[PDB]
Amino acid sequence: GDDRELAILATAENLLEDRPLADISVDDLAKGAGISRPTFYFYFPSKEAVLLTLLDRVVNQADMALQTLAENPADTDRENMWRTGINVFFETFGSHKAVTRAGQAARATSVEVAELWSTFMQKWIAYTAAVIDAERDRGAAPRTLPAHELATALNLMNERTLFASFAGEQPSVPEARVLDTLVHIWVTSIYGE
């Protein structure tokens, strides 16, 4: 039952490490999962639904890790606070580079993927803005830009920059440098002027 579903998911994530979703057949996923093609369709309506599920698991993994941090403030300076949070996305998505790259591509063709990404980005931006607001209330950050607009640009920067690094795009920040790069821009723009 659920074993077969997890096997389909594992096959898909493994095959996506070597070629795009368009070059992966339903027969490919069935074979790698040890089932027939009609048995596959019992668990998933299409290979695109498999990717949707894989991406849903990754985004919820990142969201739950961020929720854990928010309930467990690490005892450090403000710079380290932001780094620990950005690192949740660096580590979670960087551990699922194939699903991440495939999910970004599917945003152009799948309404559910686009809506899934949009829902979680709105959640993460709202949390970023709430923390900026708290920092302003306690006197640690200046009241410069509207906090939600700042949070939006910083989160969109992280999306584009992290995914360019993971995919090895040209241009991109080297993966070994991208965390320091983003943290610097977040901290100077949140606390500067």
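Counting begins at 1, following the sequence as shown. Heads up, when I say rigid core I mean the largest set of C-alphas that superpose within 1.5 Å between the two forms.
- Per-stretch RMS Cα distance to the displayed form in 9 other deposited structures of this protein, following rigid core alignment, is highest for 66-74 when 131-139 and 66-74 are compared.
- Mean CA temperature factor is higher for 101-109 when stretches 101-109 and 116-124 are set side by side in the entry.
- Between 9-17 and 178-186, the higher mean Cα B-factor belongs to 9-17.
- For the set 29, 145, 164, 59, the PDB entry puts the maximum C-alpha B factor at 29.
- For the set 149, 63, 159, 137, the maximum C-alpha B-factor listed in the entry falls on 137.
- When the modelled residues of the chain are ordered by their C-alpha B factor, residue 46 lands in the highest third.
- Annotation for residue 154: C-alpha temperature factor in the lowest third relative to the rest of the modelled chain, per the entry.
- Sorting the modelled residues of the chain by their CA temperature factor places residue 83 in the lowest third.
- Split the chain's modelled residues into thirds by C-alpha temperature factor. Residue 70 is in the highest one.
- The entry lists a Cα temperature factor for residue 129 that places it in the lowest third of the chain's modelled residues.
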